[PDB]
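Everything below concerns the one structure shown next.
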Amino acid sequence: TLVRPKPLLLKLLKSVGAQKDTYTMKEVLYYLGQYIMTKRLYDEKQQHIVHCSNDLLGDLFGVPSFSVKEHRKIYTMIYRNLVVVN
Ligand SMILES: CCC[C@H]1N(C(=O)c2cnccc2C(F)(F)F)CCC[C@@]1(Oc1ccc(C(F)(F)F)cc1)C(=O)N1CCN(c2ccccc2OCCO)CC1
């Protein structure tokens, strides 16, 4: 599947070195991961919990925090911020 991130998600992804406009779901996940890692959007205490209440990430996703294990919930949140392309 080829996806075109919407402007705000595009800006967030491009800010961590993503060069293109069209991505695969694995590329969005990778670049979203680089974003979490650089900005340090997690606690040493709980590695699996992303804390994003005060970040553009939580705004686009619509949640204060989420578990890295909640794959289905993460896709739902990402899907809202993209358009599927040819
Ligand atoms: C080796 C660690 C890499 C993971 N990682 C950490 O777990 C981590 C390490 N140290 C400290 C803090 C963290 C912290 F905080 F949990 F992130 C470091 C960053 C990359 C990494 O995590 C995320 C996390 C959130 C998102 C986002 F999309 F925003 F939800 C995207 C990627 C990842 O590539 N996968 C693979 C893709 N996974 C995934 C998510 C949703 C749907 C499907 C998925 O795929 C399953 C196939 O493997 C998530 C984990």
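Here, each number is a calculation from the coordinates, and none is a lab measurement. As a convention, Cβ positions derive from the backbone with ideal geometry for all residues, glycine included, and neighbour counts pool all protein chains shown.
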Within the stretch 13-67, how many residues turn out to be on the phi > 0 side of the Ramachandran plot and of a type in the set (D, E, K, R)? 1
Residues located in the stretch 53-73, provided they are near the ligand (Cβ under 10 Å from one of its atoms), of a type in the set (D, E, K, R) and either part of a helix (DSSP H, G or I) or within 14 Å of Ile36 (Cα to Cα) (or both): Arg72, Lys73
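Just name the residue that is nearest to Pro5 (Cα to Cα) out of those in the stretch 31-52 that are part of a helix (DSSP H, G or I) and polar (S, T, N, Q). I'd like the intermediate steps shown before the answer.
Let us first name the residues in the stretch 31-52 that are part of a helix (DSSP H, G or I), namely 31-39.
Okay, now just the ones that are also polar (S, T, N, Q), so 34, 38.
Details: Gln34: 16, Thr38: 20 Å.
If we take residues in the stretch 31-52 being part of a helix (DSSP H, G or I) and polar (S, T, N, Q), then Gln34 is nearest to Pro5 (Cα to Cα).
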When the stretch 6-22 is checked residue by residue, the ones that are outside any helix (DSSP H, G or I) and within 12 Å of the ligand (Cβ to nearest atom) are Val16
Anything in the stretch 30-52 that is under 14 Å from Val16 (Cα atoms), surrounded by fewer than 17 Cβ atoms within 10 Å (Cβ to Cβ) and more than 8 Å from the ligand (Cβ to nearest atom)? List them, or say none. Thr38, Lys39, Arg40
